[PDB]
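Chemist: Residue numbers (mature numbering (1 follows the signal peptide of the UniProt record, and there is no 0)): 7 to 229. Where is the CB? At the ideal position from N, CA and C, for every residue including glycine.
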Ligand SMILES: NC(=[NH2+])c1ccc2nc(C(O)(O)c3nc4ccc(C(N)=[NH2+])cc4[nH]3)[nH]c2c1
Ligand SMILES: [Ca+2]
Ligand SMILES: [Mg+2]
Ligand SMILES: [Zn+2]
Ligand SMILES: [Zn+2]
Ligand SMILES: [Zn+2]
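1. Could you check what DSSP says for residue 224 in three-state terms: helix, strand or coil?
2. Taking 7 Å as the cut-off, is the CB of residue 27 close to at least one heavy atom of ligand 1?
3. Taking 7 Å as the cut-off, is the beta-carbon of residue 76 closer than that to any non-hydrogen atom of ligand 6?
4. Could you work out which residue in 34, 49, 48 is closest to residue 42 when comparing CA atoms only?
5. Excluding the five sequence neighbours on either side, which residues of its own chain have a C-beta within less than 7 Å of the C-beta of residue 22, listed in chain order?
6. Does residue 68 pass the burial test, meaning 16 or more other C-beta atoms within 10 Å, or should it be called exposed?
7. Just to confirm the assignment, what range does the beta strand (DSSP E) spanning residue 74 have?
8. Can residue 180 be considered in contact with ligand 5, in the sense that its beta carbon sits closer than 7 Å to one or more heavy atoms?
9. I need the straight-line Cα distance from residue 135 to residue 203, nearest angstrom please.
10. Specify whether the segment 193 to 208 and the segment 156 to 172 touch according to this definition: at least 3 beta carbon pairs, one from each stretch, less than 8 Å apart.
11. Between the C-alpha atoms of residue 225 and residue 77, what's the straight-line distance to the nearest angstrom?
12. Going along the chain, which residues of its own chain have a beta-carbon closer than 6 Å to the beta-carbon of residue 107, five neighbours each way excluded?
13. Just the C-alpha distance for residue 129 and residue 99, rounded to the nearest angstrom, thanks.
14. Please return the same chain residues whose Cβ sits closer than 8 Å to the Cβ of residue 63, not counting the five positions on each side in sequence.
15. Taking 7 Å as the line, does the beta carbon of residue 63 fall inside it for any heavy atom of ligand 2?
16. Let me check understanding here. Comparing Cα to Cα, which of 84, 70, 83, 218 lies closest to residue 26?
17. State the Cα-Cα distance for the pair residue 175 and residue 141, rounded to the nearest angstrom.
18. Just the C-alpha distance for residue 148 and residue 185, rounded to the nearest angstrom, thanks.
19. Report the CB separation of residue 8 from residue 132 in whole angstroms; it is logged as a contact under 8 Å.
20. Using DSSP's beta-bridge definition, name the partner residues of residue 37.
21. Kindly indicate the opening and closing residues of the alpha helix (DSSP H) around residue 155.
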């Protein structure tokens, strides 16, 4: 996350860290047994880490659980990143508390203008590499699809939306990947892609989760 701030320990209780021997992506807990993340974060051998803040220090509120199954969206296009969402099932159900909580899926999609919270342990330098050990937050509004499409002509579909600052400076970045974008209490986006990070006129692109609620509910009930 570039131009963000330190969230604070366990202030984003639904945030997860996907670890395959090191943190590689983020994700969101949707109930005690399932996590939603991005399909471009797909790997085999994933361990989910809940209650994290400093991912390099066992501070006491973590739960480390292995994934029993991963389901990448059936129409995921790795070339365009259209339908960039995946579901991970845990081997054991997590114990939810103040520090580990699930986030609610939306009833409707959110409007442009709406401010959201995005978080992750991803890169924090636009030009450089600096990876943080504690969770970083960023508040950004959803941009109109018009400015999104102008920034990325012929690359945006109806399953994506942009959020950010066209002036540059603030953005999610690699590592934040799969992470949450919460606006008004609902999970509305998944950190998917961008052009570099925090570049002017190159806002972040997010998966539009409100278009996947029936797939998510049907998939978790039958698995
Ligand atoms: N080595 C790894 N473990 C790793 C993990 C995830 C990655 N994801 C990318 C990316 O290439 O897929 C990537 N994810 C992005 C998310 C947001 C923005 C943005 N808003 N500018 C840009 C991004 N680029 N590389 C990655 C490398
Ligand atoms: Ca920790
Ligand atoms: Mg994240
Ligand atoms: Zn990359
Ligand atoms: Zn990238
Ligand atoms: Zn990524």
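Modeler: By the coordinates alone:
1. helix
2. no
3. no
4. 34
5. 32, 33, 34, 35, 41, 54, 55, 56
6. buried
7. 69 to 78
8. yes
9. 11 Å
10. yes
11. 9 Å
12. 19, 20
13. 30 Å
14. 139
15. yes
16. 70
17. 18 Å
18. 16 Å
19. 5 Å
20. 40
21. 151 to 157
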